[PDB]
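Visitor: First to last, the sequence lines map onto chains U, F and G.
For the first sequence, the authors' numbering begins at 100 and goes up steadily by one.
For the second sequence, the authors' numbering begins at 7 and goes up steadily by one.
For the third sequence, the authors' numbering begins at 345 and goes up steadily by one.
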Amino acid sequence: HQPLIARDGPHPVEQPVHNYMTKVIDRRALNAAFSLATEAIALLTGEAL
Amino acid sequence: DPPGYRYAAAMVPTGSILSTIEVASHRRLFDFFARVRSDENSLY
Amino acid sequence: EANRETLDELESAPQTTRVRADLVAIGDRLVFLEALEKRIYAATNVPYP
Numbered sequence: 100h101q102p103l104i105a106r107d108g109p110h111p112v113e114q115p116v117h118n119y120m121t122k123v124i125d126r127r128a129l130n131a132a133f134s135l136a137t138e139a140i141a142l143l144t145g146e147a148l
Numbered sequence: 007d008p009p010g011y012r013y014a015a016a017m018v019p020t021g022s023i024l025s026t027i028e029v030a031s032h033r034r035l036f037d038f039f040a041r042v043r044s045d046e047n048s049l050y
Numbered sequence: 345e346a347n348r349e350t351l352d353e354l355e356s357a358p359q360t361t362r363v364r365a366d367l368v369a370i371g372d373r374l375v376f377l378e379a380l381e382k383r384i385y386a387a388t389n390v391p392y393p
């Protein structure tokens with residue numbers, strides 16, 4: 100909401116003003132990689148034990 | 007040529023390295039130098 | 345009412361803790377003055393932005 104300061108003639112008489120505004124979300128992502136190895140899987144599983 | 011890193015005695019370390027540096031910067035310092043992704047078989 | 349109760353004001357404060365960060369007074373303002381490339385970007389080949 101912008102304000103007003105009342106001037107004097109002969110300046111054209113100004114009126115109150117309003118601004119109505121929206122925005123859109125901008126979407127993104129992040130990444131990481133955990134990779135294991137086979138003989139580390141065959142252990143945890145309880146197989147090679 | 008050089009002997010492998012010994013993984014079983016690293017499970018109980020003597021002391022902690024203070025510095026934080028990319029080690030592959032200076033490779034020539036070491037004898038056996040291994041760089042590993044998330045995991046491998048050799049460790050096991 | 346041309347003046348309302350801001351919906352965010354109705355929230356209680358979250359728990360705060362004591363963290364160590366350099367607070368510089370520039371002009372009239374407090375500012376965190378921080379160079380991150382130690383905490384983050386150390387021994388990680390991503391270049392400092």
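Each residue gets a CB set at the ideal place from its N, CA and C atoms; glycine is no exception.
Determine whether the Cβ of residue 26 of chain F lies closer than 8 Å to any Cβ atom of chain G.
Guide: Interface residue, yes.
Visitor: Considering only C-alpha positions, which residue in the set F/34, F/11, F/38 and F/44 is nearest to residue 131 of chain U?
Guide: Checking every option, the nearest Cα to that of residue 131 of chain U belongs to F/44.
Visitor: Does DSSP put residue 384 of chain G in a helix, a strand or coil?
Guide: Reduced to three states, the DSSP call for residue 384 of chain G is coil.
Visitor: Using C-beta distances below 7 Å, list every residue in its chain close to residue 8 of chain F, excluding the 5 sequence neighbours before and after it, in chain order.
Guide: Cβ neighbours of residue 8 of chain F beyond the five flanking positions: 37 and 38.
Visitor: Give the DSSP-derived three-state secondary structure of residue 104 of chain U in the structure shown.
Guide: DSSP places residue 104 of chain U in coil when its eight states are reduced to three.
Visitor: With 8 Å set as the bound, which would you pick, yes or no: does the beta-carbon of residue 357 of chain G sit closer than that to a beta-carbon of chain F?
Guide: Residue 357 of chain G does not count as touching chain F.
Visitor: Listing by chain order, which chain F residues have their CB less than 7 Å from the CB of residue 379 of chain G?
Guide: By Cβ distance, chain F contributes nothing, its closest Cβ being about 16 Å from residue 379 of chain G, past 7 Å.
Visitor: Who are the Cβ neighbours of residue 29 of chain F in its own chain at under 6 Å, not counting the five residues just before and after it?
Guide: No residues qualify anywhere along the chain.
Visitor: Need the endpoints of the beta strand (DSSP E) that residue 369 of chain G sits in, please.
Guide: Note, residue 369 of chain G: beta strand (DSSP E), 367 to 370.
Visitor: Using a Cβ cut-off of 7 Å, pull out every chain F residue sitting near residue 138 of chain U, in sequence order please.
Guide: Under the 7 Å cutoff, chain F gives 47 and 50.
Visitor: Taking CB distances under 8 Å as the criterion, tell me whether residue 132 of chain U reaches chain F.
Guide: Residue 132 of chain U counts as touching chain F.
Visitor: Measure from the C-beta of residue 43 of chain F to each C-beta in chain U and report whether the shortest distance is under 8 Å.
Guide: Chain U contact via Cβ: present.
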